[PDB]
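**Student:** here we go, the starting part of the complex in its complex frame:
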Amino acid sequence: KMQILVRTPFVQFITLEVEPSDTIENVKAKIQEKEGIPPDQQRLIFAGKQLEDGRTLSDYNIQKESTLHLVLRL
């Protein structure tokens, strides 16, 4: 009869299957396919560095189960 919302404290992770040769831009494209956030609204942070679109995951020592941080850019 009525809709209510329950705000949860749960943290969302985007889980992606990637190759070490994938560029940061390719990862942003995958995030866009999953979430509809354009690449230019995405900052990907790893180990205190904003990752550059043209570099690869392997360049940054990103390994299996590494956690990146997505921060939106308005």
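**Tutor:** Great, that's in hand. Numbers count the residues shown, from 1 in each chain, chains lettered A, B, ... in the order given.
**Student:** find the nearest non-adjacent residue to residue A:74, please.
**Tutor:** Spatial nearest neighbour of residue A:74, excluding adjacent residues (C-beta to C-beta, 6 or more residues apart in numbering): residue A:41 at 7.1 Å. In short, each C-beta sits where N, CA and C put it, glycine included.
**Student:** separation between that neighbour and residue A:24?
**Tutor:** 14 Å (C-beta to C-beta, to the nearest Å).
**Student:** settle it for me: which of the two has more neighbours?
**Tutor:** residue A:24 (23 against 14; other C-beta atoms under 10 Å).
**Student:** add one more, call it chain B:
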Amino acid sequence: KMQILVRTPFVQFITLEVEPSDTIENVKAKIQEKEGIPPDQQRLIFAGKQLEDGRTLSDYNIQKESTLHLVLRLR
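**Tutor:** Let me put chain B in with the others:
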């Protein structure tokens, strides 16, 4: 070739279809069905009150599109 995880700042809401006569116990059961969180691990908080299992949504004047807060209750 490998799994990676991208942590996001996005807030998750559980959307429930409920009746004013539903008890808080009924609401917690619905959350369990959707998310596998047992009722004893759920605190539901609204308007500065922890909602009691035996009382109804109507008892709390919870209306359409009210945003309850789920706070996990663990030992």
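**Student:** direction included, what does the top strand by length along chain A pair against?
**Tutor:** As assigned by DSSP state E, the longest strand anywhere in chain A is strand A:2-18. Strand A:2-18 pairs in its sheet with strand B:2-18 (antiparallel), strand B:67-72 (parallel), by DSSP bridges.
**Student:** make CSV from those strands and add mean neighbour count to it.
**Tutor:** Output for the strands paired with strand A:2-18, formatted as CSV (neighbours: other C-beta atoms under 10 Å in any protein chain shown):
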stretch, mean neighbour count
strand B:2-18, 15
strand B:67-72, 16
